[PDB]
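Residue numbers (the authors' numbering), protein chains in the order written: chain A, 2 to 525; chain A', 2 to 525; chain A'', 2 to 525. A prime marks a further copy of an entry chain. We treat Cβ as the ideally placed atom computed from N, Cα and C, and that holds for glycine.
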Amino acid sequence: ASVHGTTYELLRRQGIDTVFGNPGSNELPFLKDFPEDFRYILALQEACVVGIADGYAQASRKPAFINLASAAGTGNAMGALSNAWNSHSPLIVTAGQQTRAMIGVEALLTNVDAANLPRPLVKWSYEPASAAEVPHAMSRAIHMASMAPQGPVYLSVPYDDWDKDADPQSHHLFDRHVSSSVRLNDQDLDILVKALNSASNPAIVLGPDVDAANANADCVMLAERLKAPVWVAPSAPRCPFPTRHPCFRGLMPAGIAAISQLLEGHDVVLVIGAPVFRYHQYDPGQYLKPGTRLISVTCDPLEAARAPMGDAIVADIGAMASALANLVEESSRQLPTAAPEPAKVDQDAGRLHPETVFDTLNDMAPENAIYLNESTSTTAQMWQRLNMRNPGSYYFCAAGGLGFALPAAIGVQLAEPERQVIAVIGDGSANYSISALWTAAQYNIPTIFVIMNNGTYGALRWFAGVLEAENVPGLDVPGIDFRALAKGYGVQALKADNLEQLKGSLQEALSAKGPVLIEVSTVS
Amino acid sequence: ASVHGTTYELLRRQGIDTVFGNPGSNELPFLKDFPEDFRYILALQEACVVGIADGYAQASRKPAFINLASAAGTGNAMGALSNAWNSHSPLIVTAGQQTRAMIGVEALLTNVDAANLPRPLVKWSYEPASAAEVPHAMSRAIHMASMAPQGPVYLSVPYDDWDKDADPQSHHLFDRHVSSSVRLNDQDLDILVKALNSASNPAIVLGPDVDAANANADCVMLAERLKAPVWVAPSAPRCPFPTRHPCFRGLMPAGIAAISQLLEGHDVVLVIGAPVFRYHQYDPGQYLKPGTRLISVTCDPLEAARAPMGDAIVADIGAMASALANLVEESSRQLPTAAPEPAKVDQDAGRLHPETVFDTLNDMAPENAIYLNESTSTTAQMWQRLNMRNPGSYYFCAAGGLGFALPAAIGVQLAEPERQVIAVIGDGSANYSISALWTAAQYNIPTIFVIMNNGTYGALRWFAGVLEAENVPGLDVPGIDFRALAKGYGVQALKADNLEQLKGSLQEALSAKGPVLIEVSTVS
Amino acid sequence: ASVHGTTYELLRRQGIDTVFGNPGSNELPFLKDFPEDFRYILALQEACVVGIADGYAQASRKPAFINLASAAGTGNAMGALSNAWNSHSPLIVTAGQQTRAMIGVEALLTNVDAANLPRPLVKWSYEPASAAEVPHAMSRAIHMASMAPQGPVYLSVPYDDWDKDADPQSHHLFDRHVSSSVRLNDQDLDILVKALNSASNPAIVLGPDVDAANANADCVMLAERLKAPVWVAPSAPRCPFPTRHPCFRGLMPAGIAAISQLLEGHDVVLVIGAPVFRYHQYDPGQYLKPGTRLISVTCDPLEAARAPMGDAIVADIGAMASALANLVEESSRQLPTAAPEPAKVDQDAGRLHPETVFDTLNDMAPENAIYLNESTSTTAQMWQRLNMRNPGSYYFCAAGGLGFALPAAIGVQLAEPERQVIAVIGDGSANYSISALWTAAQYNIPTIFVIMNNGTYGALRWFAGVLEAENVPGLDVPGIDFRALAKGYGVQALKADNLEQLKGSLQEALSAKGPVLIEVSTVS
Ligand SMILES: Cc1ncc(Cn2c(C)c(CCOP(=O)(O)OP(=O)(O)O)sc2=O)c(N)n1
Ligand SMILES: Cc1ncc(Cn2c(C)c(CCOP(=O)(O)OP(=O)(O)O)sc2=O)c(N)n1
Ligand SMILES: Cc1ncc(Cn2c(C)c(CCOP(=O)(O)OP(=O)(O)O)sc2=O)c(N)n1
Ligand SMILES: [Ca+2]
Ligand SMILES: [Ca+2]
Ligand SMILES: [Ca+2]
Ligand SMILES: [Ca+2]
Ligand SMILES: [Ca+2]
Ligand SMILES: [Ca+2]
Ligand SMILES: [Ca+2]
Ligand SMILES: [Ca+2]
Ligand SMILES: [Ca+2]
Ligand SMILES: [Cl-]
Ligand SMILES: [Cl-]
Ligand SMILES: [Cl-]
Ligand SMILES: [Mg+2]
Ligand SMILES: [Mg+2]
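So, in structure tokens, the structure goes:
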């Protein structure tokens with residue numbers, strides 16, 4: 002067998018059946034004779050390719066396979082990889098290299114020092130030393146992406162390798178099963194459970210790796226048993242808990258002092274599946290107040306090492322959440338009472354308040370909708386206003402890199418064809434990966450894109466306000482017609498300049514058979 | 002408090018009380034006011050510093066702390082770090098940097114691009130962005146070295162940082178407990194146990210991480226229950242099993258074909274705490290024969306990813322070995338019978354056969370001796386001839402890097418003051434880290450060094466033989482007087498030119514109160 | 002032809018005829034059939050191999066070729082490479098890699114991520130993607146080491162490559178001539194010359210790249226024409242000027258304030274072949290005083306970029322020094338008068354003052370002796386007391402990394418068989434690369450080693466004094482018998498406990514036919 006045949010068999014045997022890509026000449030020998038059981042999803046720029054694959058992997062809870070055009074294609078995707086690193090997304094990023102005979106002279110399209118190119122944003126990065134090594138290297142890439150803590154990996158392959166003879170002993174790669182589904186030993190787990198049972202006022206903080214593990218329901222059971230309030234760790238890339246469950250307390254502010262104040266009076270704080278903590282703003286103070294002990298369960302040694310406080314356990318989040326949920330006692334304390342409904346913001350017949358948009362989405366969207374957020378100035382109100390009952394219902398750029406939500410919403414919608422995906426994206430953010438719209442049109446992936454148009458980089462204006470920073474250039478983005486951009490890429494386009502029109506536009510979008518973009522005129 | 006005071010308190014609170022070092026000017030501000038409860042162990046060159054620390058960490062089963070002289074000191078230690086990487090040794094390697102005000106001009110002793118210097122031989126490498134970050138970075142270094150899979154880490158600190166004010170919130174670092182003591186979830190563990198119980202002819206292969214975890218006794222119980230032969234994985238850095246236990250079958254040859262042949266007819270092969278596999282010689286063939294299934298338990302995702310065959314489970318070796326030993330059924334098969342005694346090689350009254358040396362050591366050494374091996378041409382016979390009943394009884398350079406055993410034997414002896422350490426080191430290997438002898442003399446660490454002197458790089462001569470390689474230069478090392486070298490560094494020196502003298506020399510060495518070097522004249 | 006045959010022909014055609022090495026199994030297929038016109042120089046540890054090659058390259062003013070044992074051998078040499086980087090030494094460092102078929106499984110002796118290992122201490126680092134690329138990669142290594150600014154490079158070669166068929170088109174590599182012998186364009190050079198001619202009180206500062214270029218005599222002509230005092234830039238790795246020439250003013254102190262004070266009143270300061278500046282101690286103040294303009298000529302863009310003051314010209318030092326020396330006017334100012342003789346330090350009949358040792362060496366050594374310095378506390382007095390009339394007369398570890406002078410002195414002596422080499426090395430420094438002595442013995446390279454024995458790391462004691470740092474551990478190195486160490490490696494050994502004996506020992510050493518080590522008892 003050839004390296005090509007053996008590699009596609011390895012992929013198929015490891016559950017991979019879709020290639021997200023934008024092709025180049027070094028990749029044509031990989032893509033030729035493309036197997037009839039595989040699906041190729043084309044996107045027009047590599048930030049889009051990787052964003053789509055990332056949404057697909059996150060929602061499907063399995064690795065996604067990517068093929069990019071040598072160094073330039075890889076480089077165009079590196080902002081996307083920064084988000085993927087922070088969300089622990091299992092992405093197998095492959096790129097073609099020049100023919101081995103032409104690497105030394107650095108012919109056009111030679112990826113120089115290839116394995117160094119995507120660092121430090123990948124778990125593993127490699128170029129094989131021979132053609133027959135390629136299937137083994139691909140095996141390594143699959144498993145390195147998939148083992149806890151999951152993450153992106155990179156493999157560069159000289160284009161002449163594919164037609165060469167494979168090692169027949171590569172068949173041993175095909176059915177390898179590799180597990181990191183592990184949890185704390187019984188003795189030490191019993192110590193932790195007893196600490197939780199003995200707490201007089203426990204709190205729980207949950208991060209994205211809970212949703213990635215589909216540990217949400219187990220965490221609900223855990224919070225109910227412990228009668229504990231539940232927060233979402235700051236800068237949340239995913240939603241790990243039903244947002245109208247009685248224990249739910251919302252998104253933590255991304256500040257050191259703000260978090261220690263929120264946790265004050267809680268004697269044991271159990272953090273699961275989050276870094277401790279993804280702060281953002283400068284908000285100096287105490288990491289914890291006296292009287293609060295923190296215990297973190299994380300899938301990532303790098304998270305455990307860098308926490309500035311608390312104990313940590315490095316283990317699989319699904320295995321730990323299940324074990325804890327089933328081992329803790331039923332506390333006789335009273336169950337926390339549900340947060341009140343958010344207020345209705347006054348809304349006239351003019352431009353939309355973001356609060357109005359979120360309330361209307363919550364009113365009209367199906368109860369199993371999936372939301373994506375890249376409307377940076379409105380995140381707190383989004384979290385308060387969307388009832389998200391189910392797992393896999395929310396995604397936000399995990400490293401704060403704009404250009405994620407628009408393509409990721411297409412990948413999530415491909416992963417979850419029966420759940421309506423609604424991406425809420427600011428007018429600034431919408432441009433970064435605008436060409437991703439084409440893929441939704443071409444494959445008829447019926448994502449709904451809600452563009453929040455206020456003409457400015459709102460979150461930066463606000464931050465310039467808190468800095469008292471005068472004369473900052475580059476904060477306004479006037480003069481973009483998003484309906485025309487949608488038309489440009491073949492996506493149905495609507496515009497909502499007021500509440501009446503927003504409702505009408507959503508009704509049309511929700512019953513459409515294809516992707517729809519709604520440009521919403523929002524308040525400055 | 003100062004960064005200096007806070008950092009030493011963090012070290013003390015995390016169980017660190019010894020600094021292995023060779024000082025330079027960038028390190029003096031760290032080493033000043035050296036705490037009276039800490040111990041500084043000086044060595045004369047950095048391969049020696051790190052080799053001593055490495056033996057200490059491996060034998061003590063806890064992290065060792067190192068302080069090296071900027072870039073040059075770090076660089077001199079990089080061969081030592083290659084071994085430490087392969088043995089998963091928890092080494093916290095620190096080095097001083099120029100004062101922050103002088104880094105930009107690249108004053109003498111500026112470590113340029115410092116964090117890149119020890120890559121790829123460290124798990125984590127870093128220089129903090131400010132003085133107040135230093136204690137947090139040190140915390141990260143401690144935990145990154147100590148979490149499974151253990152390994153060396155690197156921290157560079159500008160010398161002006163130590164006198165600066167620490168963050169008072171650094172006190173939260175002091176008592177952090179971080180655990181990776183995890184094992185496979187119950188459901189999947191039950192599947193594995195049933196596969197082991199159902200095997201008709203199981204075999205067990207054990208690697209160094211078993212000895213590192215002190216999982217040896219549990220693996221004995223496991224092998225006894227399964228009535229299974231036990232091999233040591235190839236290129237063994239440690240001994241994971243009593244070498245005269247009835248199940249023991251010895252060191253596997255480091256070849257692909259040789260291993261698949263040895264495993265033929267075994268239906269399930271359980272590998273614990275080893276890469277799959279650390280082959281060395283070219284020996285092409287089948288990874289496994291038809292009919293053999295392999296299951297690997299490893300502490301290291303990188304090992305699981307690169308195995309060319311078999312299933313894998315990534316977990317703590319101590320936790321897994323304990324669980325398996327206690328969950329498997331007692332097989333009704335007959336217990337394997339012990340390997341026969343090795344033959345006595347004919348020995349005249351002249352130069353010593355290596356076999357004679359090992360037999361004599363086995364006869365005379367205490368039953369709790371600890372051996373180190375850097376006699377590269379004699380490893381197979383060493384493994385056959387030393388009865389090593391106890392854990393922690395054997396060390397061999399895990400990446401094949403010479404210059405390990407001589408300093409490591411000093412560190413092991415410091416770690417295990419009641420167990421006589423005996424390092425068996427070839428005349429070629431002895432030179433790499435010869436100056437380490439001084440540290441044994443100065444601190445009166447009573448290691449015994451047995452120099453196998455045959456005047457040549459024997460293993461390379463042999464390999465040149467199998468290659469039919471003629472006219473290879475550089476294979477002979479005549480003209481070294483090891484007794485004079487020992488005298489040079491203050492270590493008692495003896496010479497054994499025949500068996501009579503070997504016995505006499507060992508008797509003297511074994512009753513000595515200090516380190517002793519015996520130069521043994523061995524056959525070409 | 003094979004890759005082996007083609008590669009040795011390329012080496013021979015590019016002027017390489019000597020391999021400095023310590024062999025391992027991955028290198029045997031390179032070293033087999035070693036050409037009869039090449040010379041292999043074995044050393045016992047890789048810091049020694051590279052130090053010897055470095056002295057050889059620096060003194061010969063041509064590249065030196067090195068072959069090391071995979072990752073461990075490379076790593077053991079990395080302290081040596083730190084010095085080589087700072088001295089711009091043209092070193093071609095090669096190492097063997099595992100066979101391509103065994104790289105993926107990471108068999109023992111696989112150099113993982115090989116090209117990253119020696120970074121950031123090399124100009125270029127690479128592993129070829131195929132066997133037929135090896136000669137081209139070697140060509141690249143040769144030229145990258147040899148082009149200004151010269152420096153070390155690294156090439157890793159899988160051992161199976163050597164026997165494969167070469168590309169016949171590789172013959173075009175053999176006679177390539179690559180030049181960087183360039184100087185500033187005529188127009189801008191005329192501007193510089195006019196600035197020098199117009200200066201009322203010029204000074205000249207010279208660094209190691211002047212001696213590397215053999216630009217010394219041209220700089221003498223330049224200083225004589227300009228009637229300018231001449232200093233050696235701080236932390237000097239080489240001597241660029243006759244030390245008793247009337248213009249010579251000695252070694253600059255390695256401090257910011259000290260240098261600006263020395264240069265005060267000089268209106269134009271021309272720096273040639275040095276960084277601006279290799280400061281060491283913290284000595285804050287002005288980079289230059291008002292009224293001083295600095296102009297730097299450097300072979301190294303990295304030096305020009307990081308200078309904190311002055312203009313710079315990046316060009317070949319030999320070409321620039323020649324052009325300037327021949328273009329400037331003869332100033333009618335008076336020639337500077339020579340520095341006075343240094344004082345004779347009072348010396349009793351006991352332990353030797355370092356000043357006495359240097360005075361006696363100056364009295365007895367030939368006028369074309371070559372000195373190496375690794376006696377860190379005595380450098381200022383060494384520079385004042387040795388009359389070094391000729392180029393290539395002084396070497397000091399360019400990155401401050403100890404372990405350079407002992408092996409480098411052997412390489413320099415091999416490069417300059419008619420010039421007596423005398424290495425003056427402190428008792429602390431002597432241990433780092435002590436095994437290098439063996440190579441001097443075995444090849445009968447008649448270097449003289451003068452060990453300055455005061456029992457302590459003197460320069461660090463002094464620095465601990467200026468820091469007022471109390472309780473610093475690890476500063477004393479008692480209990481080393483250097484005569485026994487020399488005996489151990491087959492080198493004639495003498496001891497000088499007083500002046501009478503020093504004179505007697507030097508007389509014997511100077512007339513000896515082989516290497517000689519003299520252990521000198523010096524004052525604390
Ligand atoms: C790739 C990239 N570029 C720039 C930014 C910086 N940035 C920018 C430009 C923001 C403004 C986004 O504007 P928007 O219209 O999408 O949303 P808002 O008006 O609600 O802030 S928020 C933010 O962090 C980024 N995070 N990622
Ligand atoms: C740092 C380093 N340098 C070189 C080698 C290569 N090497 C060398 C030089 C060997 C010969 C060791 O000679 P010895 O006298 O210690 O033992 P034997 O005579 O029994 O082989 S075995 C081997 O792998 C190495 N492994 N590590
Ligand atoms: C590899 C390495 N390790 C440690 C140092 C630190 N160091 C050390 C240890 C010095 C003392 C040298 O002692 P010596 O006996 O050779 O000479 P003096 O007594 O004259 O200082 S000077 C110095 O910078 C270094 N520069 N390089
Ligand atoms: Ca109102
Ligand atoms: Ca509502
Ligand atoms: Ca906006
Ligand atoms: Ca016989
Ligand atoms: Ca016996
Ligand atoms: Ca030998
Ligand atoms: Ca006097
Ligand atoms: Ca004199
Ligand atoms: Ca000294
Ligand atoms: Cl358990
Ligand atoms: Cl479980
Ligand atoms: Cl010109
Ligand atoms: Mg990069
Ligand atoms: Mg490196």
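| task | Say whether the segment 364 to 374 of chain A' touches the segment 403 to 423 of chain A', bearing in mind that this needs 3 or more beta-carbon pairs closer than 8 Å, one atom from each stretch. | result | yes
| Cβ of A''/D55 versus every heavy atom of ligand 9: is any distance shorter than 7 Å? | Within the third sequence, residue 55 of chain A'' is the residue found at index 54, counting from 1. No, ligand 9 has no heavy atom inside 7 Å of this Cβ.
| said: Does A/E47 come out as helix, strand or coil in the three-state DSSP assignment? | reply: By one-based count along the first sequence, residue 47 of chain A stands at place 46. Residue state, collapsed to three classes: helix.
| Validate contact between the segment 284 to 297 of chain A and the segment 154 to 167 of chain A' using beta carbons, cut 8 Å, 3 pairs | no
| The beta strand (DSSP E) with A/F249 in it runs from where to where? | Residue mapping note: residue 249 of chain A aligns to position 248 of the first sequence, counting from 1. Taken as a continuous stretch (DSSP letters only), the beta strand (DSSP E) holding A/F249 covers 249 to 252.
| said: So, with DSSP's three-state summary, where would you put A''/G427? | reply: For the purposes of this step, residue 427 of chain A'' is identified with residue 426 of the third sequence, where counting begins at 1. A''/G427: strand per DSSP, three-state reduction.
| query | Alpha carbon to alpha carbon, how far is A/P343 from A/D364? | reply | In the first sequence, residue 343 of chain A corresponds to position 342, counting from 1. In the first sequence, residue 364 of chain A corresponds to position 363, counting from 1. Spanning the two alpha carbons is a distance of roughly 13 Å.
| query | Under 8 Å between C-beta atoms, does A''/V106 make it to chain A'? | reply | Counting from one through the third sequence, the residue named residue 106 of chain A'' turns up at place 105. So, interface residue.
| message | Give me, in chain order, the residues of the same chain whose beta-carbon lies closer than 7 Å to that of A/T8; leave out the 5 immediate sequence neighbours on both sides. | response | Counted from its first residue, the first sequence places residue 8 of chain A at position 7. Correct list, in chain order: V135, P136, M139.
| Are the C-beta atoms of A'/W439 and some chain A'' residue less than 8 Å apart? | On the second sequence, position 438 is the one that residue 439 of chain A' refers to. So yes, A'/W439 belongs to the interface.
| query | the segment 131 to 144 of chain A'': which residues have C-beta closer than 8 Å to a C-beta of chain A, in chain order? | reply | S131, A133, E134, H137, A138, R141
| query | Taking the alpha carbon of A''/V467 as the point to measure from, which residue in A''/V413, A''/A322, A''/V94, A''/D284 has its own alpha carbon closest? | reply | In the third sequence, the residue the question calls residue 467 of chain A'' occupies position 466. That would be A''/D284, whose Cα lies nearest to the Cα of A''/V467.
| said: Just to confirm the assignment, what range does the alpha helix (DSSP H) spanning A''/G74 have? | reply: The residue you call residue 74 of chain A'' lines up with position 73 of the third sequence. A''/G74 -> alpha helix (DSSP H) spans 71 to 77.
| Neighbouring residues, chain A, relative to A'/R177 (Cβ below 8 Å) | Mapped onto the second sequence, residue 177 of chain A' falls at position 176. Per Cβ cutoff of 8 Å: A308, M310, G311, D312, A313.
| task | Tell me, to the nearest whole angstrom, how far the beta carbon of A''/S61 is from that of A''/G152; I am working on the premise that it is less than 8 Å. | result | Walking along the third sequence from the start, residue 61 of chain A'' turns up at place 60. Walking along the third sequence from the start, residue 152 of chain A'' turns up at place 151. Wrong, their Cβ atoms sit about 16 Å apart, outside the cutoff.
| query | For A'/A142, which option in A/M389, A/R307, A/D114 has the closest C-alpha, if you only look at C-alpha atoms? | reply | The residue you call residue 142 of chain A' lines up with position 141 of the second sequence. Among A/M389, A/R307, A/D114, the Cα nearest to that of A'/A142 is on A/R307.
| said: Assuming the contact rule is C-beta atoms closer than 8 Å, A'/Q282 and A'/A322 should be a hit. Round their C-beta distance to whole Å, please. | reply: Stepping through the second sequence from its first residue, residue 282 of chain A' is reached at position 281. Stepping through the second sequence from its first residue, residue 322 of chain A' is reached at position 321. No, A'/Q282 and A'/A322 are not in contact; Cβ-Cβ is about 29 Å, not under 8 Å.
| message | Any beta carbon from chain A within less than 8 Å of A''/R226's own beta carbon? | response | Numbered from its first residue, the third sequence carries residue 226 of chain A'' at position 225. No, A''/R226 lies away from the interface with chain A (no Cβ there is under 8 Å from its Cβ).
| query | I think A'/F31 touches A''/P474, with their Cβ atoms under 8 Å apart; what is that distance to the nearest whole Å? | reply | Counting from 1 along the second sequence, the entry for residue 31 of chain A' is found at position 30. Counting from 1 along the third sequence, the entry for residue 474 of chain A'' is found at position 473. Not quite, the Cβ-Cβ distance comes to about 11 Å (not below 8 Å), so this is no contact.
| field | Exposed unless 16 or more other CB atoms sit within 10 angstroms - verdict on A'/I192 | value | Position 191 of the second sequence, counting from 1, holds the residue named residue 192 of chain A'. So A'/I192 ends up on the exposed side.
| Beta-carbon gap between A'/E469 and A'/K496 smaller than 8 Å | By 1-based counting over the second sequence, the position of residue 469 of chain A' is 468. By 1-based counting over the second sequence, the position of residue 496 of chain A' is 495. No. Outside cutoff.
| request: Return the first residue and the last residue of the alpha helix (DSSP H) that A''/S157 is part of. | output: By 1-based counting over the third sequence, the position of residue 157 of chain A'' is 156. Unbroken run through A''/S157 is the beta strand (DSSP E), 154 to 159; no alpha helix (DSSP H).
| Given 8 Å, three or more beta-carbon pairs between the segment 264 to 279 of chain A and the segment 224 to 243 of chain A | yes
| field | Cβ shell of A''/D317 (< 8 Å), same chain only, five flanking positions each side left out | value | Sequence index remark: in the third sequence, residue 317 of chain A'' carries index 316 (1-based). Only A149, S181, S182, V183, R184, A214, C300 meet the Cβ criterion.
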